[PDB]
Amino acid sequence: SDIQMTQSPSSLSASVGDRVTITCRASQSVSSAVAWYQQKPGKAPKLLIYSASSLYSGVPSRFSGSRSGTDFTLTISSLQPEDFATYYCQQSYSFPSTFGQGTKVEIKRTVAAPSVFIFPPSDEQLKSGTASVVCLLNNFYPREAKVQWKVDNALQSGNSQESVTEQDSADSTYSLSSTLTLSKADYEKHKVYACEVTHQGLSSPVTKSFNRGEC
Amino acid sequence: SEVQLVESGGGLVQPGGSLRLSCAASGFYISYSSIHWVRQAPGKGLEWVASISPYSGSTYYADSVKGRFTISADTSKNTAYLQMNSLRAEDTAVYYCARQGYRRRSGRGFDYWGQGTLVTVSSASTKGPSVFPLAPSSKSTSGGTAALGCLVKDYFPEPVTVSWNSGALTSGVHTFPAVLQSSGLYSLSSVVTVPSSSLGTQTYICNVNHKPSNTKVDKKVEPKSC
RNA sequence: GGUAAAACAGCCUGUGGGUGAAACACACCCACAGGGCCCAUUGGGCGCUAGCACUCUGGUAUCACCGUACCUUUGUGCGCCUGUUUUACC
């Protein structure tokens, strides 16, 4: 039966300087044939630890691995902002090789309110037939944020989509984009388009807006 | 760095079709190492696919791909391969090749990895994106910094690259994860923040690459006056 | 690698541990279990032999006895073959 590497926790948040512990539990003996990897958004995994407790060359010594029977632990002695990543254990004791489900490590930091910018649709988009209004929430913490679209003071529903960046490797912040999609014929039936943002860094919600045809 | 693994062969493929991925090595000779393939379905974890051992050519396969996939190693080209037949929707993933390092130096750890290549198994057809500007204004200005961007809309499949000023401009850049629209097409936007005083002098150009449709677009993003 | 000089090992079959750019396969090293053949059999020997030296156990011919020569067997040293390792010089 294929060997399973049960990894926990599925995610954690830790403030900078915290000691972080990640645990992997093999379903049967894997001797010491365990590797740990760090994977950053968009990038291939990088090797941190081999043979369960040996530090790969080039890897900062704040990373360390340990073994107790079938329990394997990765430790970060003092979490740094650049340590935001997903971490994976792997067994290389028998085929097929097996990875744990991964652990996404998030940085906890001080509250930061977003900067809020709105972008009216381009002339070039309009004559193709549709209209996108973009609301940009920049460099905020935490990730939770409310984006409300009002068109001539009427709330929108199912008319927008949101995308959120991965945590920033240097300042541990997030950015978000909400884009209101509207047909050209519909876009020209109304004048005011408003992005309304609620966030814990904001003492009261922030509205940015523009009037159609006057951008 | 010194050792590199350079992959190719990815792209859109019909369900039930086939693709061969290549893994070109540099800085070392694949004959002395084990070579592995590991995949990552979008949003998901690493999944080991196959390996090939040195000196014996022994090959090993995950059960999810056994009998459909074939790993091989052309030492005379210093290149490894993965032949993928009868591909299913569940084979969509980023595919990595990885070198298992030398026993005495890194155990059985995978010490070097390819930059990955995406295989989308889909009966849908490829469509290039439309790039629209997101102009800076007083409505994107705050405290001497201004935001401008590019809206990359209505494309398939993933991925698109976006750089700015041919990669001369990197800080302050945010390229957002793509979002899958109800039409079944993707769109994303890339924004950048710049000193507002530079909006008159400096030209900002976003460069959008969508290899599945041969598209390569440079679009200048100039200020509007709100 | 070449040269020179050494060391260690070598009946068969599996098994385990290790090393070789090495998870298996392969090569080599090192152990263990079981087995085979020879002997003078509570034990000892076996890389190979049409040879050599000596010795030893049984024979065969001389042959009154004694003594001699050949065969065989126990070993020892050679001769012959393989594997690995080491040193010096080039």
Side-chain angles (χ1 to χ4, degrees), chain A residues 1-7 24-37 45-59 65-72 74 88-100, chain B residues 1-7 22-39 46-83 96-114:
Chain A
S1 175
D2 297 8
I3 298 175
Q4 300 311 319
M5 304 299 276
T6 306
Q7 192 176 340
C24 191
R25 296 183 207 271
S27 64
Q28 40 173 298
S29 172
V30 294
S31 171
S32 293
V34 172
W36 287 95
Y37 302 83
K46 296 198 200 289
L47 182 54
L48 317 171
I49 301 296
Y50 62 96
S51 303
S53 48
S54 295
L55 190 56
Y56 181 55
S57 198
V59 178
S66 182
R67 164 192 174 182
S68 178
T70 50
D71 303 332
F72 301 78
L74 173 72
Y88 295 90
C89 59
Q90 175 193 20
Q91 67 84 6
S92 293
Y93 185 71
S94 56
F95 295 101
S97 202
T98 299
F99 293 84
Chain B
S1 43
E2 270 196 318
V3 171
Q4 307 176 22
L5 299 173
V6 176
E7 320 175 27
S22 296
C23 178
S26 60
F28 78 107
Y29 187 24
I30 61 172
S31 191
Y32 306 135
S33 319
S34 297
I35 303 299
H36 301 246
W37 289 94
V38 174
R39 65 188 185 182
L46 306 166
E47 180 186 26
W48 178 88
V49 179
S51 62
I52 182 153
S53 317
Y55 302 106
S56 61
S58 290
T59 60
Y60 307 87
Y61 296 100
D63 257 326
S64 50
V65 314
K66 182 160 180 69
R68 285 188 303 122
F69 290 19
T70 297
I71 190 174
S72 58
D74 180 354
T75 60
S76 64
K77 299 204 190 298
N78 201 24
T79 305
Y81 304 94
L82 180 73
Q83 174 69 48
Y96 298 103
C97 66
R99 180 184 88 160
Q100 188 180 312
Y102 301 110
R103 191 190 53 87
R104 278 190 189 255
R105 298 185 209 149
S106 43
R108 306 176 187 177
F110 293 7
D111 58 343
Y112 289 93
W113 290 66

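Every heavy atom of this structure was used, including side-chain atoms; hydrogens, water molecules and symmetry mates were not. Below, read A as the first sequence line, B as the second, and so on, with proteins coming before strands; counting in each chain starts at 1.
In summary, the side chains of A:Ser32 and A:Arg67 do present a donor paired with an acceptor at a separation below 3.5 Å, with no hydrogens or angles considered. Donor-acceptor pairing under 3.5 Å is lacking for the side chains of B:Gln100 and A:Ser92. Checked by atom type, the side-chain pair A:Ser97/A:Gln90 shows a donor-acceptor distance below 3.5 Å.
Atom OG1 of residue A:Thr98 and atom CG of residue B:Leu46 lie 12.0 Å apart, to the nearest 0.5 angstrom.
Using the rule of two distances under 3.5 Å, C:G79 and C:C48 count as a Watson-Crick or G-U wobble pair. Applying the 3.5 Å cutoff to both bonds, C:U60 and C:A69 register as a Watson-Crick or G-U wobble pair. Remark: C:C24 does not pair with C:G83, failing the Watson-Crick or G-U wobble criterion at under 3.5 Å for both atom pairs. Nucleotides C:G20 and C:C26 meet the pairing criterion: a Watson-Crick or G-U wobble pair with both donor-acceptor distances under 3.5 Å.
Pair assignment for C:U87 gives C:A4, based on Watson-Crick or G-U wobble hydrogen-bonding distances that are each under 3.5 Å. Across all strands shown, C:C56 forms no Watson-Crick or G-U wobble pair with both key distances under 3.5 Å. Pair assignment for C:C30: C:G16, on the basis of Watson-Crick or G-U wobble contacts that are both within less than 3.5 Å. Within the shown strands, nothing qualifies as a pairing partner of C:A64 under the Watson-Crick or G-U definition with both distances less than 3.5 Å. Base pairing annotation: C:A40 forms no Watson-Crick or G-U wobble pair, as no partner gives both donor-acceptor distances under 3.5 Å.
Between B:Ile71 atom CD1 and C:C24 atom P the separation is 18 Å, expressed in whole Å. The separation between A:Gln90 atom CD and C:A23 atom P is 14 Å, rounded to whole Å. Distance B:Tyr60 OH to C:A22 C1': 11 Å, rounded to the nearest Å. Atom pair B:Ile30:CD1 and C:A22:P shows a separation of 15 Å (rounding to whole Å applied). The CZ-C1' distance, from B:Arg108 to C:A21, rounds to 15 Å in whole Å. In this structure, CZ of B:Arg99 is placed 14 Å from P of C:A21, rounded to the nearest angstrom. In this structure, the CD1 atom of B:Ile35 is 16 Å from the P atom of C:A21, given to the nearest Å. Rounded to an integer number of Å, the gap from B:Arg105 CZ to C:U19 P is 15 Å.
Residue side chain B:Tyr55 meets the stacking definition with respect to C:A22: its ring centre sits within less than 5.5 angstrom of the base's six-membered ring centre, and the planes differ by less than 30 degrees. Aromatic stacking is marked for A:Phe95 over C:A23, as both cut-offs hold: 5.5 Å for the centres and 30° for the planes.
Distance check on atom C1': C:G79 versus C:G51 gives 8 Å, rounded to whole Å. Taking the P atom of each, C:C32 and C:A9 are spaced 13 Å apart, rounded to whole Å. Between the P atoms of C:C39 and C:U72, the separation comes to 13 Å (whole Å). A distance of about 8 Å separates the P atoms of C:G75 and C:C46, rounded to the whole Å. Rounded to whole Å, the P atom of C:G58 lies 16 Å from the corresponding atom of C:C66. A gap of 15 Å separates the P atoms of C:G59 and C:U73, to the nearest Å. Across the P atoms, C:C30 and C:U85 are found 10 Å apart, a figure rounded to whole Å.
Note on B:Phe28: nothing from the nucleic acid sits closer than 4.0 angstrom, heavy atoms only. Residue-level contact check: A:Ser92 touches the bases, meaning some heavy atom is under 4.0 Å from a base atom. Counting any heavy atom pair closer than 4.0 Å across all strands shown, B:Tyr29 reaches no nucleic acid atom.
The torsion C1'-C2'-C3'-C4' is the criterion here, and for C:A22 it is negative, giving a south pucker. At C:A21 the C1'-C2'-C3'-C4' dihedral is negative, so the sugar adopts a south, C2'-endo-type conformation. The torsion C1'-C2'-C3'-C4' is the criterion here, and for C:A23 it is negative, giving a south pucker. The pentose of C:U42 is categorized as south (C2'-endo side) on the basis of a negative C1'-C2'-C3'-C4' torsion. With respect to the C1'-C2'-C3'-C4' torsion, C:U85 shows a north sugar, the value lying on the positive side.
When atom types are taken as modelled, the side chain of A:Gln91 and the backbone of A:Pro96 share a donor-acceptor pair closer than 3.5 angstrom. Looking only at distances, no side-chain donor or acceptor of A:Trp36 sits under 3.5 Å from a matching main-chain atom of A:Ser53.
Where B:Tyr32 and B:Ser53 meet RNA chain C, the nucleotide closest to each residue was compared, and B:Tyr32 sits on the side nearer the 5' end.
Side-chain to base pairing of B:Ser56 with C:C24: one donor and one acceptor N or O lie within less than 3.5 Å of each other.
Neighbouring residues C:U57 and C:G58 meet the stacking criterion, with the centres of their six-membered base rings under 5.5 Å apart and the ring planes within 30° of each other. For the strand neighbours C:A25 and C:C26, base stacking is present under the 5.5 Å centre-distance and 30-degree plane-angle rule. Under a stacking criterion requiring six-membered ring centres under 5.5 Å apart and planes under 30°, the adjacent bases C:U60 and C:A61 are classed as stacked.
Classification of the B:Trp48-A:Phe95 ring pair by plane angle, with boundaries at 30° and 60°, yields tilted. Taking the six-membered ring for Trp and thresholds of 30 and 60 degrees, B:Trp113 and B:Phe110 have ring planes inclined between 30 and 60 degrees apart.
The salt bridge (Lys or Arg N to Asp or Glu O under 4.0 Å) test with B:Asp111 is passed by exactly one of B:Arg103, B:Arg99, B:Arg105: B:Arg99.
Within the structure, a side-chain polar atom (N or O) of B:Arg103 is placed less than 4.0 Å from OP1 or OP2 of C:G20. B:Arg104 has a side-chain polar atom (N or O) that falls below the 4.0 Å cut-off from OP1 or OP2 of C:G20.
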